[PDB]
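Encoded as structure tokens, the following chain is the form deposited in one PDB entry, with no partner shown.
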């Protein structure tokens, strides 16, 4: 049976001047931008590395255009350390998303700056 591709990205969050900074690293330890191109059906797994001491946990992934069909689903682990995107790469196009996190310092949700997914179907 046909398999897709599984991509793995670490979401490192530090504090600079009291506020969160999101640094993505790839499987080689290379800093990468937030943008991903998807060229076949698959998954994108984001692992949280919270270095802020603010108790960050993923609560989901947010979209300004959530019905565009670029990302099919979001799954989250019980400890808020992992989020995964399912992308069946049927609908071509681009979508902008932001990570949504809770914190233990206050009751405000934390948003990352926007990142982009580009689908190029097969």
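Residue numbers count along the first chain shown, from 1.
FYI, the form deposited with a partner chain bound isn't displayed, but the following is about it.
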Given that the partner chain is not shown alongside this chain, does residue 49 nevertheless sit within 4.5 Å of it in the deposited bound form, heavy atom to heavy atom? no
Examine residue 90 and determine whether its closest non-hydrogen atom to the partner chain in the deposited bound form is within 4.5 angstroms. yes
Is residue 57 close enough to the partner chain in the deposited bound form to count, meaning some heavy atom within 4.5 Å? no
